[PDB]
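Here is the structure we will look at.
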Amino acid sequence: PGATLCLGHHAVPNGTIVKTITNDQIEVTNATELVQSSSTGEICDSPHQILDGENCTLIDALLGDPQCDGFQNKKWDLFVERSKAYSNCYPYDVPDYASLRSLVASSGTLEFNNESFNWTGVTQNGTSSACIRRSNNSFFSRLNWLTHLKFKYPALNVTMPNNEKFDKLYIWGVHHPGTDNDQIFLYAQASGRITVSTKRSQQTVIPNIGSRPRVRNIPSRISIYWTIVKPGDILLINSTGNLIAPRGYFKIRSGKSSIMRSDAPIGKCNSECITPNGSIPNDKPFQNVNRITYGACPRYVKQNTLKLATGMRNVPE
Amino acid sequence: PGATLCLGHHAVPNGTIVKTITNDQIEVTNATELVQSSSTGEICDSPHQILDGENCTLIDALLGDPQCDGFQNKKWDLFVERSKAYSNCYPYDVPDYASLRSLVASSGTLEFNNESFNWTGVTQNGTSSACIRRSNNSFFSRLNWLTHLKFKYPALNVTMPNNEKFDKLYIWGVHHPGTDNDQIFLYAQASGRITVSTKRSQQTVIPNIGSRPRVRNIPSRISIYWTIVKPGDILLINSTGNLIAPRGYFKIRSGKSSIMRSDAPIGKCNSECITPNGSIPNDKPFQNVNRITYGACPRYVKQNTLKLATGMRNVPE
Amino acid sequence: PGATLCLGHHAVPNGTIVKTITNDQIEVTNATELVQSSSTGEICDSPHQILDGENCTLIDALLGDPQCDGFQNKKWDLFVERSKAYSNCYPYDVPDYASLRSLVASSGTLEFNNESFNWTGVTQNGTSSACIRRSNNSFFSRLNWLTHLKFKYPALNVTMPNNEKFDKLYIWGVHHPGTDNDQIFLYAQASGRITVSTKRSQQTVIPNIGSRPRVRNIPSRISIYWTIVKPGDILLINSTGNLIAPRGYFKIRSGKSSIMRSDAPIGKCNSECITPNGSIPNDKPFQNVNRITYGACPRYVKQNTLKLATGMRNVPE
Amino acid sequence: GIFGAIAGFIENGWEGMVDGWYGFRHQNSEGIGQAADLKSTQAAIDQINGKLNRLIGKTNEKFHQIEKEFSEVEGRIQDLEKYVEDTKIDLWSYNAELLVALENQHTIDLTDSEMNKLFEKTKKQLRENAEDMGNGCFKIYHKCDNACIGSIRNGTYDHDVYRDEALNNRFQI
Amino acid sequence: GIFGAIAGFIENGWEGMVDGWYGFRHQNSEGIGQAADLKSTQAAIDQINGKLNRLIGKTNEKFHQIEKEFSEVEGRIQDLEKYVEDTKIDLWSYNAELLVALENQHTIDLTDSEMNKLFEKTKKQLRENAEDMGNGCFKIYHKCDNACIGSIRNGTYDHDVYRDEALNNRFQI
Amino acid sequence: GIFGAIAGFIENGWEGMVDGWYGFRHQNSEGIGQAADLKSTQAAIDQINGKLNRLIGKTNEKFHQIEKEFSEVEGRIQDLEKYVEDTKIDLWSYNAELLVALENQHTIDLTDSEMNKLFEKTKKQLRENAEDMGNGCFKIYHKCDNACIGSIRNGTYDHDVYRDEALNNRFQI
Ligand SMILES: *[C@@H]1O[C@H](CO)[C@@H](O[C@@H]2O[C@H](CO)[C@@H](O[C@@H]3O[C@H](CO[C@H]4O[C@H](CO)[C@@H](O)[C@H](O)[C@@H]4O)[C@@H](O)[C@H](O[C@H]4O[C@H](CO)[C@@H](O)[C@H](O)[C@@H]4O)[C@@H]3O)[C@H](O)[C@H]2NC(C)=O)[C@H](O)[C@H]1NC(C)=O
Ligand SMILES: *[C@@H]1O[C@H](CO)[C@@H](O[C@@H]2O[C@H](CO)[C@@H](O[C@@H]3O[C@H](CO[C@H]4O[C@H](CO)[C@@H](O)[C@H](O)[C@@H]4O)[C@@H](O)[C@H](O[C@H]4O[C@H](CO)[C@@H](O)[C@H](O)[C@@H]4O)[C@@H]3O)[C@H](O)[C@H]2NC(C)=O)[C@H](O)[C@H]1NC(C)=O
Ligand SMILES: *[C@@H]1O[C@H](CO)[C@@H](O[C@@H]2O[C@H](CO)[C@@H](O[C@@H]3O[C@H](CO[C@H]4O[C@H](CO)[C@@H](O)[C@H](O)[C@@H]4O)[C@@H](O)[C@H](O[C@H]4O[C@H](CO)[C@@H](O)[C@H](O)[C@@H]4O)[C@@H]3O)[C@H](O)[C@H]2NC(C)=O)[C@H](O)[C@H]1NC(C)=O
Ligand SMILES: *[C@@H]1O[C@H](CO)[C@@H](O[C@@H]2O[C@H](CO)[C@@H](O[C@@H]3O[C@H](CO)[C@@H](O)[C@H](O)[C@@H]3O)[C@H](O)[C@H]2NC(C)=O)[C@H](O)[C@H]1NC(C)=O
Ligand SMILES: *[C@@H]1O[C@H](CO)[C@@H](O[C@@H]2O[C@H](CO)[C@@H](O[C@@H]3O[C@H](CO)[C@@H](O)[C@H](O)[C@@H]3O)[C@H](O)[C@H]2NC(C)=O)[C@H](O)[C@H]1NC(C)=O
Ligand SMILES: *[C@@H]1O[C@H](CO)[C@@H](O[C@@H]2O[C@H](CO)[C@@H](O[C@@H]3O[C@H](CO)[C@@H](O)[C@H](O)[C@@H]3O)[C@H](O)[C@H]2NC(C)=O)[C@H](O)[C@H]1NC(C)=O
Ligand SMILES: *[C@@H]1O[C@H](CO)[C@@H](O[C@@H]2O[C@H](CO)[C@@H](O)[C@H](O)[C@H]2NC(C)=O)[C@H](O)[C@H]1NC(C)=O
Ligand SMILES: *[C@@H]1O[C@H](CO)[C@@H](O[C@@H]2O[C@H](CO)[C@@H](O)[C@H](O)[C@H]2NC(C)=O)[C@H](O)[C@H]1NC(C)=O
Ligand SMILES: *[C@@H]1O[C@H](CO)[C@@H](O[C@@H]2O[C@H](CO)[C@@H](O)[C@H](O)[C@H]2NC(C)=O)[C@H](O)[C@H]1NC(C)=O
Ligand SMILES: CC(=O)N[C@H]1[C@H]([C@H](O)[C@H](O)CO)O[C@@](O)(C(=O)O)C[C@@H]1O
Ligand SMILES: CC(=O)N[C@H]1[C@H]([C@H](O)[C@H](O)CO)O[C@@](O)(C(=O)O)C[C@@H]1O
Ligand SMILES: CC(=O)N[C@H]1[C@H]([C@H](O)[C@H](O)CO)O[C@@](O)(C(=O)O)C[C@@H]1O
Ligand SMILES: *[C@@H]1O[C@H](CO)[C@@H](O)[C@H](O)[C@H]1NC(C)=O
Ligand SMILES: *[C@@H]1O[C@H](CO)[C@@H](O)[C@H](O)[C@H]1NC(C)=O
Ligand SMILES: *[C@@H]1O[C@H](CO)[C@@H](O)[C@H](O)[C@H]1NC(C)=O
Ligand SMILES: *[C@@H]1O[C@H](CO)[C@@H](O)[C@H](O)[C@H]1NC(C)=O
Ligand SMILES: *[C@@H]1O[C@H](CO)[C@@H](O)[C@H](O)[C@H]1NC(C)=O
Ligand SMILES: *[C@@H]1O[C@H](CO)[C@@H](O)[C@H](O)[C@H]1NC(C)=O
Ligand SMILES: *[C@@H]1O[C@H](CO)[C@@H](O)[C@H](O)[C@H]1NC(C)=O
Ligand SMILES: *[C@@H]1O[C@H](CO)[C@@H](O)[C@H](O)[C@H]1NC(C)=O
Ligand SMILES: *[C@@H]1O[C@H](CO)[C@@H](O)[C@H](O)[C@H]1NC(C)=O
């Protein structure tokens, strides 16, 4: 009689289809998904320091729009800019806006230090009805609108040395009045030319008088500029009018900070990977949620699923 | 006696050499080429909508050089720019030419809509002998050269609202005369300053009088600028001279359109992949014809041949 | 009795650990390193033509700072810029400095040809105490500081045709005086406007009078500009003051030249691959010395070691 | 599949083997039984866990990058930003596709290999006492009770004990 | 090559086999003949067609991109445009090179595997009635006419029919 | 490892084999000896040298590129320069990691394959004159002096010479 001894292997009733080099559909006993394709829809507040911009863009928080006073001196790993954000101060533009936004985002701080600029001969602290702070006429908190004093505006030649061990970021502006009347009323003379310089840089800007389409009933504009001043260098501001002066400097840091546009709510939860759609788990190597990411994230791919076999070929009875 | 039973495999007399991980030259029974290395030399007119620029660059067609009148309002998937193209109108330059060319190419349309600008107080429709259209002095078809009326040029402050549901692209210019005489003859006053604005942008340009080297006997120049106006925004043009005015706007679309430089003839044939050398078949995954491609194309690689084995090792008798 | 015949394989007492697809640590009999992780610390002078900048930046050598006279007309494959380099002439800036540096670096030559510009009506060869050459007041060797002649500075309208078969690179500047006094003393009239043009380009620059922070006791500045003139085109310079004129042109070539920042000493030795840390051997496919390389170099990777098995699994007794 | 056991000379798998991936079924004087082989099972699992250790929980931290969505038309710089990103994504997508295809081919092959190795080991162990029936089964030519089958599965089977009996049965007429 | 049949223990291929990739030659009482094996042939072809289906006719559509040739010197922005493209091309060129090398190694190995699998199947089928001569050939120790050879090629050979005859021939003096 | 010889049925390697990678040990009437097999050794070495020829001394020349370190903050253009480079480096780093993992898996497998092929060749050569003991060793059932062992290693062993002697020894009681 004797015996029979058979060698064999398992199988399952519910196998899964995977791709191989030689076949786009082969059934295996088990597989695991390598593409993260879902989010809960919330940006987790931990473990990255999240700063929700709410009604404020980063640049509005920087300049000091009256809706952004709560942001003073705050730091972030990720600044979250909302699509509903809007400006409610004097209408402005920033040539190279994208670059200023980027460099502030990357620095990760709105830390600001006031300095005592010598503005002898002009009226400081100009305000406007286009920039209401607690029902009073106001202006950007970090900027100083200088006007004539007793129908005189003498030439300004004002210095500020950097005797710190770090770089300083100065934000300043040029006022473009709507009319020649406005020019005279504010600065008591014809528009000139503003020159801001250091030992290693110079920027000159020409005020351009004229009507622009009204924004919150204002046909004039401010154009915003910036200057970095290195240790042992010196800021020099030379103006005969139209100067929206700095009140001090921002600290500029380096590190891991950034900015993201998202309307996702912030949640009390812990996740290392943030996308504009919300935080996502980061166990998987790939994801198809968003090309925009911050933190320890799976790599973005076009595939919505990639199944890795974790068992042998399934050969059912 | 018994029998002999031999197992074996085929071989061929004309095998082909391929590369492997362990050997740069091994003979197999058959292989297939994975790199497309040839074109017929013609750009197929199908299935992409091809627009042959002939003597016209895209920007000349946009502005309305008199050789480009046949291009009005045409659309394309691919605009083909020929190396023989040349301008035959008033000499101009476009600061950021590459960007204007790119954005129009990508939009894929020269659709133009005339608008009724209020130019009261000046002479419209200025022409030049440098821009002949049917033996008559002419000018760019989409631009309006404004000059004095009865030795007056009053300040222009002209508005055009966008009450459409789409964005408008405005093309305009500043005239730089060759001499102070020309300035007076044309605009009846010293050169000023042109400001074109919207609620969200402003551009000011200063005319600069002076001789440039003559081009088609003209020492003056026009500099071309553009402005996009979003729905519910408003174009404002403010000038006291030197304004080459828009006649209306171009529609700006998004989609799959582009531009290519090529001297290849256009053929009546059907091919999905276009290169500057002509259309190429797209069965293969790779190609070494040109890094410049449009359509469903193989990926450019440096190799001129990559042979994929499609049979076993060839072991001849 | 009979015999026993055993098949087997070697092993070694000193195996090495490698990574595989299924195991991060398996011992094999031998392996080879694929990542170059060391340099000797010297940049080999062969076989690439190396030009040590010593105290000079490329741009200082171009303009002709008095410490850089030894560099005239020299060529290079790789220009090496040292961190100790400093300028010792009239303080200047270059809008788009990075681009001028890049295009000269890539051209690989400082070959300069003097041309006879017609500067009738002005004083040539202006010098300064800020630019000492052999104890005498001097100036940049390739630039020509023009000032008034007998308190007159007539309008300049000066031409230079390119009747060569190659392109010409012109370097020129605008002088920004510290005060209105200086403006008058130098140019005998109010500051104007400089226009440099060809048939295909135009650049106009406005001198901006004012104090900048003093550099080597100088509060004025020169701003440097460049113009390429193609064969059969013509350079036109139009000025009423403040012009730092070219003395001729640089040849502009194309080829394999570049520039590198490094403080590594130059050695008498032969190596194809240069990094800022020194030359490195190029037998291996990868390296983790520096992302900055020049020549036939291994590819930069983040790994500091990648061991390729060159023997079987080691299975010791 | 490249070794020829799984989906090859083994006709099918066993849905009723739930305590291992590979193993043995037998018929003898005392009945029909099944037992998993732990060493082969663990060899396959270890290799697959090796792959997983190299793919799961290994992400890369990135912080400030470039913008990837744009509200306005700009031309050259934006064209370059978009192209850099599209280039990157296509390269990563290719890497992912290839990684999974290669790894899956290899998983199917390594699991086939472990089945073949267990079969070969068992064949050698049985020496002249059994014949391979071609379907992963051995005809054993001697009385082989439960302890004897157990000795085969545990590597303690002494072929010499049974060889005279087996040869007599195999080489009769 | 990794299995050891093609370019290994099989001395060479057969240029005269034109109706399949693998098969059988025999010599018996009725002559010398050749027949292709369709199942092994189709197994190899199917796998190779699987590779082709993943490489041929699968291109990617791209439209507006960046400029890649330049008529004027510009410096920084153009340096970046050129570097992005050169980077891309080198990465794709590497992918292509590696893809073809790996796929070709695998094709040579899978075709070798199919030869080995057919040999092993045939060996098992013959049981104690034949011996492996070491060169892909079996010496069959019984009269095996054309129908008998056919039964081997078709998987219908009953080894028990011939076993007494074969054992007597094999194990004589 | 996928073939099952090295680190499988061969218990361990031989530190005392220094003149080849694979070979033979024997015991017979005249003593115990060792000899390397040159053909299998050279087959493995050739394949590994093939890999090395494709990786070593094959670098790519690059000249003027983009800047990769920056002394000042600039914003958009510098963000793009840094991202292009970081992207490139991560892609190359991935390629390097994968290349080495795949190549090493393949080297271990191809060397295992060469051991298995030599074992199989030797098994077939011995015909009915030996039995496989399961550990890479054959019990040879006839007097096999040094010249006889040599004939096996050199492929000149005539199994028919010894077959009567061997069968008598194998199939006794
Ligand atoms: C099909 O194949 C897959 C892959 O091999 C198998 O999936 C694995 O299953 C095991 C057992 O359930 C899992 O082990 C458990 O992992 C938990 C971690 O979970 C998260 O984290 C990882 C990454 O960090 C993610 O990949 C994962 O999706 C989860 O988000 C541990 O917390 C578990 O701990 C439990 O058991 C241990 C035992 O010591 C105890 O310490 C605790 O008490 C605790 O309760 C556990 O280790 C493993 O994560 C799975 N891997 C993957 C990739 O999913 C399937 O089981 C298999 N299916 C079949 C039918 O065989
Ligand atoms: C060496 O190895 C290669 C690859 O395996 C073999 O090449 C294949 O050969 C077959 C048979 O000739 C080809 O099949 C035919 O394909 C045609 C499509 O041709 C074009 O399109 C593809 C991509 O879409 C391109 O790759 C290709 O280069 C062509 O540009 C079909 O139109 C054919 O149809 C004909 O037969 C069918 C049968 O049903 C009928 O419907 C029609 O009547 C028609 O006449 C056919 O299917 C296949 O394209 C080839 N592949 C490749 C990649 O080239 C070689 O045959 C082989 N050589 C040897 C000696 O074995
Ligand atoms: C572990 O595995 C590795 C890789 O297989 C083995 O390393 C090889 O060893 C051989 C023998 O020593 C080396 O061969 C020699 O190469 C020299 C070139 O050296 C440089 O150049 C290459 C690239 O161009 C670099 O990879 C290398 O690191 C060196 O920088 C030749 O000059 C040698 O020539 C000598 O012998 C020849 C014989 O004809 C004569 O012409 C001359 O007289 C001369 O003296 C020689 O060819 C080989 O370079 C090594 N490869 C690598 C990648 O390192 C180890 O040997 C092995 N270890 C063990 C214990 O087995
Ligand atoms: C140049 O032209 C523009 C557009 O025509 C002029 O701006 C417009 O000026 C008028 C008043 O002259 C503004 O009207 C005001 O509208 C608000 C809206 O509620 C209303 O509250 C006021 O009572 C008043 O009617 C109009 O808004 C404004 N339009 C735009 C688009 O800004 C501009 O004044 C002209 N410039 C010069 C110097 O003449
Ligand atoms: C500044 O200098 C430039 C160059 O010297 C002056 O331009 C030149 O002006 C002359 C006439 O004064 C042009 O001559 C004309 O040439 C054409 C060619 O066929 C001919 O048909 C005419 O009869 C006449 O001779 C010359 O072309 C022109 N050169 C260039 C390069 O443009 C320019 O006029 C000077 N500007 C001032 C304000 O003086
Ligand atoms: C605008 O303000 C700046 C800064 O206050 C003025 O520049 C400064 O001018 C003074 C002289 O008025 C310079 O003093 C000199 O310092 C050197 C240093 O050794 C010394 O050798 C001289 O004897 C003299 O004391 C000072 O360096 C300079 N400061 C800077 C930062 O440049 C500038 O003159 C003012 N402009 C106008 C038009 O008033
Ligand atoms: C994450 O958010 C993005 C938002 O852009 C989603 O992608 C968009 O999907 C819609 C369709 O639902 C498309 O019309 C858009 O064109 C997509 N935008 C882009 C930029 O690709 C994405 O689906 C979201 N993913 C998840 C998982 O929620
Ligand atoms: C397709 O067109 C390009 C045109 O640039 C060809 O590539 C050029 O080839 C010439 C030599 O024939 C070289 O001197 C140029 O440097 C190449 N240009 C570039 C940009 O690489 C290419 O050979 C053509 N290909 C085919 C198949 O016709
Ligand atoms: C080659 O030079 C670079 C100089 O940048 C070295 O990389 C730096 O290493 C230091 C630590 O020693 C870090 O603080 C820097 O952040 C690194 N810089 C960069 C840009 O990554 C590198 O170590 C040198 N390599 C060798 C082998 O000498
Ligand atoms: C500092 C100052 O006096 N600013 C005044 C402004 C400016 O004249 C214009 O906004 C500039 O164009 O106008 C007001 O009517 C306003 O906005 O409330 C009064 C305000 O006090
Ligand atoms: C609108 C107008 O009157 N343009 C006139 C121009 C301009 O004066 C110069 O081209 C500008 O520099 O000059 C002409 O000689 C010409 O070109 O035919 C006459 C022409 O009518
Ligand atoms: C050409 C010329 O006369 N340059 C003079 C300059 C300039 O006046 C200032 O440097 C410009 O601001 O000043 C000097 O004191 C100097 O630097 O030696 C005298 C020198 O001769
Ligand atoms: C099969 O079913 C079991 C039990 O329901 C489940 O845990 C397992 O994930 C399933 N496997 C597959 C491949 O679907
Ligand atoms: C700079 O300040 C000085 C001194 O007060 C003055 O002479 C000059 O006019 C100012 N310049 C400008 C451009 O405002
Ligand atoms: C071999 O020759 C045949 C018939 O001429 C041809 O169809 C086939 O493509 C050739 N194969 C190779 C590999 O060259
Ligand atoms: C703009 O138009 C207004 C009103 O006509 C006028 O006062 C002003 O001078 C114009 N501005 C310019 C820069 O032309
Ligand atoms: C082992 O030792 C030898 C002799 O010292 C040496 O040449 C060889 O490189 C070493 N191998 C490894 C893998 O360390
Ligand atoms: C250019 O030169 C001409 C002729 O000498 C003169 O009329 C004009 O003023 C100069 N222009 C400038 C901007 O200096
Ligand atoms: C075989 O091993 C198992 C351990 O799982 C043991 O229970 C059994 O008794 C063993 N049988 C024999 C016959 O060795
Ligand atoms: C084997 O199969 C073929 C079918 O191709 C058939 O014609 C032949 O008669 C069969 N022979 C035997 C002996 O089964
Ligand atoms: C086997 O080959 C070797 C060559 O290395 C030779 O010296 C030896 O005598 C040969 N022995 C026999 C028995 O063929």
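Protein chains in written order, with the authors' numbering: chain A, 9 to 325; chain A', 9 to 325; chain A'', 9 to 325; chain B, 1 to 173; chain B', 1 to 173; chain B'', 1 to 173. A prime marks a further copy of an entry chain. We treat Cβ as the ideally placed atom computed from N, Cα and C, and that holds for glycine.
Whether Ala36 (chain B') touches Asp19 (chain B') by CB criterion (7 angstroms): A contact, by the Cβ cut-off of 7 angstroms.
Please confirm if the segment 214–224 of chain A'' is in contact with the segment 244–260 of chain A, defined as three or more CB-CB distances below 8 angstroms between the two stretches. Between the segment 214–224 of chain A'' and the segment 244–260 of chain A, the count of Cβ pairs shorter than 8 angstroms is three or higher; the stretches touch.
- Task: Using a Cβ-Cβ cut-off of less than 9 angstroms, list which residues of the segment 89–112 of chain A approach chain A'; keep chain order.
- Result: Those residues of the segment 89–112 of chain A placed with their C-beta closer than 9 angstroms to a C-beta in chain A' are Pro99, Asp101, ordered along the chain.
Legend entry - Neighbour list for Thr206 (chain A) in chain A'', Cβ cutoff strictly below 7 angstroms: By Cβ distance, chain A'' contributes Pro221.
Can you tell me whether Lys58 (chain B') is helix, strand or coil according to DSSP? In the three-state DSSP reduction, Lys58 (chain B') falls in the coil class, being neither helix nor strand.
Query raised in the report: If we count Cβ pairs, one from each stretch, closer than 8 angstroms, do we get three or more for the segment 95–105 of chain A versus the segment 124–139 of chain A?
Result: When C-beta atoms of the segment 95–105 of chain A are compared with those of the segment 124–139 of chain A, three or more pairs fall below 8 angstroms, so the two segments count as touching.
Exercise. Select from A'':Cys14, A'':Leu154, A'':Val102, A'':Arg201 the residue whose C-alpha is nearest the C-alpha of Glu120 (chain B'').
Key: Ranking A'':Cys14, A'':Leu154, A'':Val102, A'':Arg201 by Cα distance to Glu120 (chain B'') puts A'':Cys14 first.
List, in chain order, every chain B residue whose beta-carbon is nearer than 7 angstroms to that of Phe294 (chain A).
Close to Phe294 (chain A), with beta-carbon spacing below 7 angstroms, are these residues of chain B in chain order: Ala96.
Range covered by the alpha helix (DSSP H) that runs through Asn104 (chain B'')
Run containing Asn104 (chain B''): 76–126, per the alpha helix (DSSP H) assignment.
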